[PDB]
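Novice: The structure that follows is given in the form of structure tokens.
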Amino acid sequence: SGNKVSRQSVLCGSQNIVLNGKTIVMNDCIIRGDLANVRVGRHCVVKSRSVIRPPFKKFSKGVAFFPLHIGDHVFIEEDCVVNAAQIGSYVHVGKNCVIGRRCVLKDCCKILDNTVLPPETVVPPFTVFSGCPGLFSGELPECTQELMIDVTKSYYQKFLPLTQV
Amino acid sequence: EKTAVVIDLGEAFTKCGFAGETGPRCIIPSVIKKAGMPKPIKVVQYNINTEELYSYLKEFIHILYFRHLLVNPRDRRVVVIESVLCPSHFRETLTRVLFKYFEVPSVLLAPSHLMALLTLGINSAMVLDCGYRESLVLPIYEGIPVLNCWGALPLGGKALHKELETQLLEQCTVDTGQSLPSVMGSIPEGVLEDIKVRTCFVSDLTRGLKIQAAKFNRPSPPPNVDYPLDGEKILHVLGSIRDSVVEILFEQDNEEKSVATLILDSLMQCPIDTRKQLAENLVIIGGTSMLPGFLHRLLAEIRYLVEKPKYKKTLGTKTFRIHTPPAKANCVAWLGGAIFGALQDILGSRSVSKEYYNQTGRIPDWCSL
Amino acid sequence: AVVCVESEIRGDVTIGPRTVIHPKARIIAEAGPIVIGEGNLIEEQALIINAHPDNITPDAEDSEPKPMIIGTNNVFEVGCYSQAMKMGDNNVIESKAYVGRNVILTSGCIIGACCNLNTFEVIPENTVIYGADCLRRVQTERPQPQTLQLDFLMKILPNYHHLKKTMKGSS
Ligand SMILES: Nc1ncnc2c1ncn2[C@@H]1O[C@H](COP(=O)(O)OP(=O)(O)O)[C@@H](O)[C@H]1O
């Protein structure tokens with residue numbers, strides 16, 4: 001629970017939640033993603049006005065799609081509807097982006113802004129996905145990912161004292 | 001050993017291939033669209049700088065074989081395929097990239113027409129070259145190109161798109177998304193070309209005569225064949241405009257310009273020991289001209305112009321054939337050069353090395369050796 | 001139907017059976033009586049509208065007196081709104097679909113992601129649009145209004161059925 005300890009927002013889905021350290025997010029978002037199992041991640045990041053959900057049912061023998069997996073030094077952005085996302089560490093989402101069904105990415109997922117993923121959007125490690133559908137545009141440097149993520153975490157923690165609520 | 005590279009000079013597409021590769025590999029549009037690029041950069045950019053184009057070539061080739069097969073071309077040879085009329089400075093700039101930047105083992109220029117002949121491997125043949133911007137009838141008698149029998153109509157695929165945009169810019173018979181008649185100016189070239197390329201069936205000669213009648217002082221142009229649109233604006237108008245393109249494709253109206261015209265020109269430079277041979281050799285090829293049902297309009301115009309009074313003396317009564325292509329769409333020269341480069345380890349000596357290019361840096365065409 | 005307490009409705013909306021409205025299902029059916037269908041699932045963050053008022057100002061003889069309707073198996077997902085969509089049999093609306101005003105949604109309607117519906121466009125049957133390619137009439141028969149896309153909709157409706165009983169039990 002090393003996030004922004006302040007009266008910011010509320011949500012639900014306490015199935016397999018986790019309040020880890022160095023991982024924080026902003027307000028205006030809702031968390032309704034307990035449709036399948038969960039996997040949170042410390043040192044991550046996210047912006048305001050977002051939404052996330054898991055893949056499908058997974059209650060009966062017909063299990064769901066790839067619902068969720070998070071990582072370290074990750075950085076989500078605004079308006080990113082993370083629907084059915086199982087990714088790794090040092091991920092990077094963009095503005096107005098969305099995750100597609102059965103998306104099973106890996107570490108350092110540079111999700112482009114205003115991009116979305118299609119059904120069964122399993123991505124590889126140290127990649128850079130983009131497009132209306134799931135499309136790995138390029139790649140990403142892992143060292144620069146962890147370094148810039150920590151630098152951004154400190155810079156955001158600097159201005160984090162704003163809105164004492 | 002190993003494979004090789006098979007790349008030709010295409011304004012629209014320059015595929016790559018290996019040695020003796022049976023079946024196509026990968027086609028990509030010749031223009032280079034990069035990051036933060038508002039409009040991609042072409043290839044036919046002459047009298048332009050060399051460093052910027054040089055760079056574009058470097059990274060484009062780089063990612064080209066990367067996304068093709070991620071191979072290391074510093075290990076195998078290259079089969080360069082030509083397309084005449086291009087400035088040799090450009091070609092040598094490509095070579096400059098290749099050797100002075102990438103250092104491949106050896107490269108080798110080659111004619112596309114050769115590979116076209118290799119599709120059948122016969123000695124004498126006509127050349128029904130129909131490229132992307134021009135055409136060419138430069139026969140290969142005895143497996144040897146016929147020099148002065150040349151000519152080109154600068155009215156290929158690109159100009160066809162220009163014709164399309166002209167016609168449709170004149171009339172926007174589509175709706176809004178109510179008709180939006182010539183409201184905006186820019187066009188979706190991809191959509192336009194999708195309509196065009198996805199609907200290229202050639203019509204009857206009689207229909208072309210109807211078009212000619214419509215030029216001055218019309219019998220049922222629909223059922224018109226033209227492919228759906230987008231942008232909330234789709235329509236079903238006369239697809240007969242593409243047949244109008246087929247009519248303007250061959251103009252005799254104080255122009256006397258056609259493919260048969262170049263065949264006649266060749267005939268003018270042809271000696272008696274070439275005439276009947278070419279009458280046999282009715283070679284059926286052409287790159288961009290993948291025109292469905294063109295046999296009708298084509299053959300009809302051939303056997304329509306045979307009747308020209310100034311050419312019966314030249315022709316007589318010559319019949320022709322159909323030298324059908326065993327290859328496909330445009331893979332003809334591609335796969336022709338692929339199998340042509342297969343066991344040409346012998347000709348690997350003829351493939352220009354970077355070794356000699358160090359002390360040389362030049363490949364001579366018809367110059368002083 | 002699952003008349004959720006969190007499902008914010010507004011106005012006279014004579015709903016139909018099996019219209020399970022999920023939590024935070026903000027809607028409006030006052031200026032137009034929107035009747036629900038049979039076999040849908042109104043998810044979270046939706047936005048059902050009725051008779052676009054004078055902010056846009058229809059200065060074209062405003063004498064509407066017309067109510068909205070719905071159909072069977074037409075479950076609309078989260079993010080997407082509903083700007084008086086005259087739906088039908090199995091017209092699913094996926095995430096973030098910008099619903100248009102006059103779009104008579106027929107059967108086999110797969111409203112893809114971020115696909116702003118076309119105003120005053122008769123949405124015919126058996127047509128699934130592409131995401132980035134707006135108005136893509138792709139899959140004219142694969143996305144068939146009956147037995148193919150509607151069968152897939154009824155198949156997706158099974159998870160909605162299990163979720164309907166589960167949400168009725170969880171509440
Ligand atoms: N059915 C068809 N009829 C006519 N042209 C076609 C048809 N199908 C494809 N084509 C065109 O043939 C062209 C091949 O062009 P090409 O000769 O490869 O250009 P370049 O030589 O510059 O690469 C393609 O651009 C395509 O638009």
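For the structure tokens, the naming scheme is as follows: chains receive sequential letters (A, B, ...) according to their order of presentation, residues are indexed from 1 within each chain, and ligands are indexed from 1 in presentation order.
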Around ligand 1, at most 9 Å away and counting only C-alpha atoms and all ligand atoms, which residues are there? Put them as a ChimeraX atom specification, please.
Specialist: /B:8-15,27-30,83,130-133,156-158,193-194,196-202,286-292,329-331
Novice: Find the residues around residue B:251 up to 12 Å (only C-alpha atoms counted), leave out those fewer than 4 positions away in its own chain, and share them as a ChimeraX atom specification.
Specialist: /B:153,155,208,212,244-247,255-261,301,305
Novice: Could those residues be written to a file, using C-alpha atoms, as a CSV table (one decimal), in the first residue's frame?
Specialist:
chain,number,residue,atom,x,y,z
B,153,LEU,CA,3.7,4.5,-73.5
B,155,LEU,CA,0.3,5.8,-69.4
B,208,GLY,CA,-15.8,0.4,-76.7
B,212,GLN,CA,-16.8,6.2,-79.0
B,244,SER,CA,-13.4,4.3,-71.2
B,245,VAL,CA,-9.9,4.0,-69.7
B,246,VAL,CA,-9.4,0.9,-71.9
B,247,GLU,CA,-10.5,3.0,-74.9
B,255,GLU,CA,-2.2,10.0,-82.0
B,256,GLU,CA,-1.9,6.4,-83.4
B,257,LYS,CA,-0.6,5.1,-80.0
B,258,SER,CA,-1.2,1.6,-78.7
B,259,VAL,CA,0.6,-1.6,-77.9
B,260,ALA,CA,-0.1,-2.9,-81.4
B,261,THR,CA,1.5,0.4,-82.6
B,301,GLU,CA,-7.6,-4.5,-81.7
B,305,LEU,CA,-5.3,-2.9,-86.9
Novice: With a distance threshold of 9 Å and counting only C-alpha atoms, extract the residues of chain B near chain C and express them as a PyMOL selection string.
Specialist: chain B and resi 177+229-232
Novice: Mind checking DSSP for stretch 59-202 of chain B and telling me the alpha helix (DSSP H) residues as JSON, numbers by chain?
Specialist: {"B": [59, 60, 61, 62, 63, 64, 65, 66, 67, 68, 69, 88, 89, 90, 91, 92, 93, 94, 95, 96, 97, 112, 113, 114, 115, 116, 117, 118, 157, 158, 159, 160, 161, 162, 163, 164, 165, 166, 167, 168, 169, 170, 189, 190, 191, 192, 193, 194, 195, 196, 197, 198]}
Novice: Taking 3 positions as the minimum chain separation for residues in the same chain, which residues sit within 8 Å of residue A:100 when counting only C-alpha atoms? Answer as a count of residues only.
Specialist: 12
Novice: Grab the atom CA of residue C:73 to atom CA of residue A:61 distance for me, in Å with one decimal place.
Specialist: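 A separation of 23.7 Å between them.
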Novice: Output as number ranges by chain all residues of chain A that backbone DSSP marks as strand (DSSP E).
Specialist: A: 30-31, 51-53, 68-69, 81-83, 85-86, 127-130, 135-139
Novice: Can you tell me which residues surround stretch 96-111 of chain C at a distance of at most 7 Å, considering only C-alpha atoms, apart from same-chain residues fewer than 6 positions away, and format the answer as a PyMOL selection string?
Specialist: chain C and resi 78-90+117-129+143-146+149-150
Novice: Could those residues be written to a file, using C-alpha atoms, as a short mmCIF file (atom, residue, chain, number, x, y, z; two decimals), in the first residue's frame?
Specialist:
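Dumped everything to out.cif:
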data_model
loop_
_atom_site.label_atom_id
_atom_site.label_comp_id
_atom_site.auth_asym_id
_atom_site.auth_seq_id
_atom_site.Cartn_x
_atom_site.Cartn_y
_atom_site.Cartn_z
CA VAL C 78 -19.70 -1.01 -21.19
CA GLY C 79 -18.57 2.38 -22.42
CA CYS C 80 -20.99 2.34 -25.34
CA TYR C 81 -24.00 4.63 -25.16
CA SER C 82 -27.47 4.16 -26.68
CA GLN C 83 -28.72 7.22 -28.54
CA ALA C 84 -32.19 5.78 -29.33
CA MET C 85 -31.04 2.67 -31.15
CA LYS C 86 -34.05 0.97 -32.78
CA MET C 87 -32.49 -2.48 -32.36
CA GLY C 88 -33.71 -5.96 -33.17
CA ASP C 89 -32.81 -9.64 -32.76
CA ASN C 90 -29.23 -10.09 -31.41
CA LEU C 117 -22.80 4.74 -35.68
CA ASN C 118 -24.05 6.55 -38.75
CA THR C 119 -26.92 8.97 -38.25
CA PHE C 120 -29.85 8.53 -40.66
CA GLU C 121 -28.36 5.25 -41.91
CA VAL C 122 -30.51 2.15 -42.22
CA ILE C 123 -28.43 -0.49 -40.46
CA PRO C 124 -29.21 -3.61 -42.48
CA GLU C 125 -28.87 -7.15 -41.24
CA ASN C 126 -25.83 -9.45 -41.38
CA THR C 127 -23.16 -6.71 -41.26
CA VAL C 128 -20.23 -6.42 -38.81
CA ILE C 129 -18.15 -3.27 -38.99
CA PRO C 143 -21.71 -12.12 -39.59
CA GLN C 144 -25.14 -13.39 -40.87
CA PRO C 145 -28.22 -12.01 -39.09
CA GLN C 146 -29.41 -15.54 -38.21
CA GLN C 149 -23.72 -13.99 -35.74
CA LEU C 150 -27.00 -14.45 -33.91
#
